[PDB]
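Beneath this line is the structure, given in structure tokens, with notes to follow.
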Amino acid sequence: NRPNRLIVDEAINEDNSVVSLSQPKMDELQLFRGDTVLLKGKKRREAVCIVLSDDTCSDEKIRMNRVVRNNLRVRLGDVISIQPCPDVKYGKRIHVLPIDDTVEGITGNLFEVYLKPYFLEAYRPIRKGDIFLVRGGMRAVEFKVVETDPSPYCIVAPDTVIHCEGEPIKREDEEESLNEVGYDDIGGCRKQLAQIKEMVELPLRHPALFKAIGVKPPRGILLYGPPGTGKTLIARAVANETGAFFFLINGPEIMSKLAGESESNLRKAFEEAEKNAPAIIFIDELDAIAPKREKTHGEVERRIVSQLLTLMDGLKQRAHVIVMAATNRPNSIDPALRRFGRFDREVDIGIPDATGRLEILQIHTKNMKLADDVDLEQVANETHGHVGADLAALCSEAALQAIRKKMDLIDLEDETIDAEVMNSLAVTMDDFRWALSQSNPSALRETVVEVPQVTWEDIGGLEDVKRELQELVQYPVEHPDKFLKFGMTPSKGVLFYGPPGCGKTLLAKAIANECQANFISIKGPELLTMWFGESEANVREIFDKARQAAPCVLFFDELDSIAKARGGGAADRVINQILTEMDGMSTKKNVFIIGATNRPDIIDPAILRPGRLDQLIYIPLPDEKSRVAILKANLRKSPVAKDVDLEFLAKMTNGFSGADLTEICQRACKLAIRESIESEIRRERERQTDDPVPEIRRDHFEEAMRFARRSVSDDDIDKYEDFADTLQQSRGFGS
Amino acid sequence: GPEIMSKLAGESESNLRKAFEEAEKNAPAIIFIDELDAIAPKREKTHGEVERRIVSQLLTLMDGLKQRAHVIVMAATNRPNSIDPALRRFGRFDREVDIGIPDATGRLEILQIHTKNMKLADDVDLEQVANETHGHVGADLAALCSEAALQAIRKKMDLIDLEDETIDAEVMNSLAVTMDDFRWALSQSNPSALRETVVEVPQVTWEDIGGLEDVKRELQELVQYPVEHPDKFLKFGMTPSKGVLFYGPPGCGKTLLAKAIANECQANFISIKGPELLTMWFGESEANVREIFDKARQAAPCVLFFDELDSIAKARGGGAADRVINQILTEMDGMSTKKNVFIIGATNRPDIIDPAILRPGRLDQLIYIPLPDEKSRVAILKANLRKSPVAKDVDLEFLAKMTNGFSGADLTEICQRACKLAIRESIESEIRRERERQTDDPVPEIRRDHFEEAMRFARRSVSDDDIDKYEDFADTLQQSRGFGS
Ligand SMILES: Nc1ncnc2c1ncn2[C@@H]1O[C@H](COP(=O)(O)OP(=O)(O)OP(O)(O)=S)[C@@H](O)[C@H]1O
Ligand SMILES: Nc1ncnc2c1ncn2[C@@H]1O[C@H](COP(=O)(O)OP(=O)(O)OP(O)(O)=S)[C@@H](O)[C@H]1O
Ligand SMILES: Nc1ncnc2c1ncn2[C@@H]1O[C@H](COP(=O)(O)OP(=O)(O)OP(O)(O)=S)[C@@H](O)[C@H]1O
Ligand SMILES: [Mg+2]
Ligand SMILES: [Mg+2]
Ligand SMILES: [Mg+2]
């Protein structure tokens, strides 16, 4: 039917009165950016909005904020009709009232703090019956438009009168709160959130459709990841955005009950959910109820486990119910639960990446007034090893710091703290740097999986090797069809070998960056850390996380460290298992394995077998051209004098490794800083009785050159040159 | 199981009691105990008095079938070893059925069952999918089909835009499942049983292996004849040797040969690489090794292949590798000649293989597999490039002459490497047309120029020193049981 009908989608402009279409659709229904559009949703409600163009928006979809989304009584995936509305006229009076539960903690002049800057210069199209949201004074309050003089909808011009008559109204039964959790409250893990969204939309959102079809949906989705990553958060969001009934099972609470009551509460939970289908039963801290079969020693505890198992099987009802569960330790869960027909789907909600943490930070600073000096992206880059909860907490603590120092002044009369005072409250970048020092990040020891920021431009020379890496890794990803036509499947892995400090580690990260694929680094020593017993299970989890992160490059660095320890029964079991995991790794899975070693003489020939690390790429010391590129790359970030001759520098340093060059750069720079520090003191002495000299000069290099030493001896090189010729012969007898 | 064990103490014993009474009542009957290990695990694992009672309770009812009212008791479990052996006694659960993981052909069958009701697109080729979904189990396939179906629905949400909870076979029947919808569900697949040892007939034939013709026939002597012609061996009064040992330089087709001979006899095949065996814990290893020989018995006639034995020999000087090999030695002797179970070993290092393996009755058939002659090298190069679109210009006899000393694997390297230039060229040619367009003619063929670069960059895997020793060992391998030097 008609073109005006459109599908609801996530928002990009967090602004309430803004909806977005594609320019091809904005042309189709003949609307432009300024236009005010009228939206008709379900439950016979209307909302009016400013339309805009959005390059990301698919033409059959309409991006609307969750505020708009609620006013229509609509959710993601539903259909709404959009139509131009030039008939909108400026208001005389608008009468908005707050909702009690969103203000009962806060006092002051609601009209002057929130409505004022919200409508000022905003020209917001509003509608009678709409509920809009204003964030400020570290609080978010929602007002409902009770009346407009040009009803039902009017624009809010500066001329318009806006009144609030004191006492707030209660929430209507149908009016979902915006204080509630949503997808816009979760960041940095889109990919996982997508999979969860996929599995659950079809059965929950369209229940009759799935009962009629007779094909099986997922019923048990298991969320796992480190603590505080937002597992409990996600479950609530999915339930609210789909509008499904949400029944919470808090692990500890169930297991805190008597024997009989525990099994009972489980039964009641499932029964009530089947009753109010569609629903999500969420089991938080599952390992509390159902740990490994051995550790469950204590018989009543085993009864509860089986009880749960019967209830999960009890989804024979298939009343449109999904059971979600969260756990810190996937390994702790009774494997009986991860059986088919129960918790069959697993989502790794990992630690957030750099961009992710930034996103998180933005969500928990929404309501706070931040000073201009605050650069959350900087905070984001510094907060490595931080998890969602760490960030949410540090944001809270940075706020409480800003509160305390600003309450030193208010303390002269602590009785009257107002919202007006709260909006005046600014949060300095210092308040954040403060919270950083006070932060106790949990996930520093967690294995990180993200796309590296080392690019080709950080690596000097080896240009043709970069291209061979593009052949081996990038082409089979971006051009699978092409490999199919030639009838060849690509090699699984590569082995870097060469003298120390030539860029083997950089290359592994480099090719990853080019392919925009995830990266996993595993150093030799890291593998010898695992207890004798633990090692077997930990290796398997590594290859599993590589699958999760496909397309992914798995890099085993510093293999020399392991090779030493074997010729040692511990290190041996590890590698044999790594070998086994490679073979189990299907080539089709888009998981690429790279090895690196400074010791090609002792590497296990079994690794070099066809199908494993069969691509033997030798990485030698840099020649004269490369040495220039290396020195340039490292010193990009450094303020260098035009005096410095690097090509002359290159010839002098023949025999030096890539690392040996960064050695000279750092050594020369430390003199430059040494000079900068001793000069500030001299300037200090001169004032006691403005033109600093921050730039590195020729003698600094000439001094560093004077003390520079070589990491790779000549005898070592001559052997390395030989191994470049005979490495592939090691599968026979020892060369 | 879980339902029983979720109930009160008394109710559990009662329900077990009630269950048997009902079966004898309405005989003939089947009592099905699903997830048996839930009720009766190994007695040590069952600390807690009532849990042991239920086991004993169950055991008595099983003894209680002395009634012989025509009642059969069936039971299912994930972990056979977890069951209290007291149940596996005669007069109780006396018959056991190994429902293994499906093989290639099996998976194909399964897929067909779960595509029964779906309108499958014309492009869909399940046999490819069957071959692609290795390590998948019946339920994995059941899900994959289910997920591929929901993908086809997922793609057709323009139709769902109706959003009305309305059924309409008209649109529903039009709904097809493309091969892409399978490939999507394939990438999203969570295969469980990849770690399981697979038992099937290999798809590698003689024709996939170039040369080594006389070795193929000796495998027919050793394997096929005692299978296809037991009577001849019987009248002549000799029973044949149990197993074979392949030894030679790396990449000559030892892994392929084992699978090839399996294919010819249409007999089951079990591959176990060295590293795979060293992964098992000291303790765990002992039961899994027995498990291998048992599944070999299950699948008789079967060829049991232990690959990359060099990896194990290396590791013993290791308390694991010592027990592993020593236990395998014991299992071979326990292998009765009558069982039609043939054991083949492979190693790239005959210098370090344990002499005990070479004793009569074990791997006493010492087959040396050397570098491929010119004849073989041509056949190999064709074999590898069958599946690829090659130019008529390409001279394989020329490549064969260039590659004297090269192993069979060294030839596939050249074939694959020549292809690597061709693909980058194919991509780099399309980019060139795209930049010219910005201001049906591509070349779907691998060419001599690609081969000429790959030949120039080609490498030899086997050194002369390596070859000369392999040649010496070919005559003196059987002497390693005495004093070795
Ligand atoms: N990805 C995220 N985006 C936004 N906020 C997050 C995110 N992850 C965690 N948080 C915050 O962390 C806090 C705790 O979230 P929870 O869901 O309870 O953590 P969790 O994953 O359930 O960890 P538990 O309690 O050990 S299972 C919430 O207040 C969130 O705001
Ligand atoms: N090609 C290069 N370009 C720029 N810097 C390099 C290059 N090669 C080595 N380096 C420097 O040496 C450091 C470490 O190099 P790696 O990537 O780790 O090489 P490697 O072969 O793994 O040697 P090691 O033993 O790990 S240092 C880097 O941090 C660089 O500063
Ligand atoms: N006679 C041959 N015919 C066809 N391909 C061969 C032949 N010999 C070696 N190859 C190739 O080399 C690869 C590996 O050979 P294998 O069957 O594994 O023998 P191998 O003795 O076990 O050598 P390795 O150490 O396992 S590579 C195969 O995938 C083939 O592509
Ligand atoms: Mg929680
Ligand atoms: Mg390094
Ligand atoms: Mg092999």
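Here, residue 1 is simply the first one shown, and the rest follow in order.
The header says X-ray crystallography, 3.8 Å.
A Cβ is built for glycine as well, from the same backbone N, Cα and C atoms used for every other residue.
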* Structure fact -> Record (Swiss-Prot) lists phosphoserine for one of B:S189, B:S311, B:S426, namely B:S426
* Among B:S192, B:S429, which is annotated phosphoserine in Swiss-Prot? -> B:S192
* Asked: ligand 6 is in the model; which of the recorded positions B:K45, B:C252, B:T255, B:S426 have a C-beta less than 6 angstroms from one of its atoms?
  -> B:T255
* To do: Would you kindly determine which recorded positions in the set B:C252, B:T255, B:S426, B:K469 have their Cβ under 8 angstroms from any Cβ of chain A, listing them in sequence order or replying 'none'?
  => B:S426, B:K469
* Which ones in the same chain are close to B:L256 (ATP 2 binding site), with CB under 8 Å and 6+ residues apart in sequence? -> B:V204, B:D208, B:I209
* If the ATP 2 site is taken as the center of the Cβ atoms of B:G251, B:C252, B:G253, B:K254, B:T255, B:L256, which further residues of that chain fall within 8 Å of it by their Cβ? -> B:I209, B:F246, B:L257, B:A346, B:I369, B:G408, B:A409
* **Nearest recorded site to B:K254 (ATP 2 binding site) by CA-CA distance, among modified residues B:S192, B:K235, B:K469** => B:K469
* Among the recorded positions B:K45, B:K254, B:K392, point out the residue whose Cβ has the most other Cβ atoms within 10 Å, with all shown protein chains included in the count. => B:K254
* Including all protein chains displayed, how many Cβ atoms other than that of B:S485 (phosphoserine) lie within 10 Å of its Cβ? -> 4
* Asked: What are the non-local neighbours of B:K235 (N6-acetyllysine), defined as same-chain residues 6+ apart in sequence with CB under 8 A from its CB?
  -> none
* Asked: Once near-sequence residues are set aside, which residues in the chain of B:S426 (phosphoserine), 6 or more away, have Cβ atoms under 8 Å from its Cβ?
  -> B:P442, B:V443, B:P444
* Which one of these modified residues, B:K232, B:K469, has the sparsest Cβ neighbourhood, judged by other Cβ atoms within 10 angstroms? -> B:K232
* Asked: Fewest other CB within 10 angstroms, which one of the recorded positions B:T166, B:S192, B:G251, B:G253?
  -> B:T166
* To do: Compare the Cα of B:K45 (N6,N6,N6-trimethyllysine) against each of the binding-site residues B:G251, B:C252, B:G253, B:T255 and report the nearest.
  => B:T255
* If you draw a 10 Å sphere on the Cβ of B:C252 (ATP 2 binding site), how many other Cβ atoms land inside? -> 30
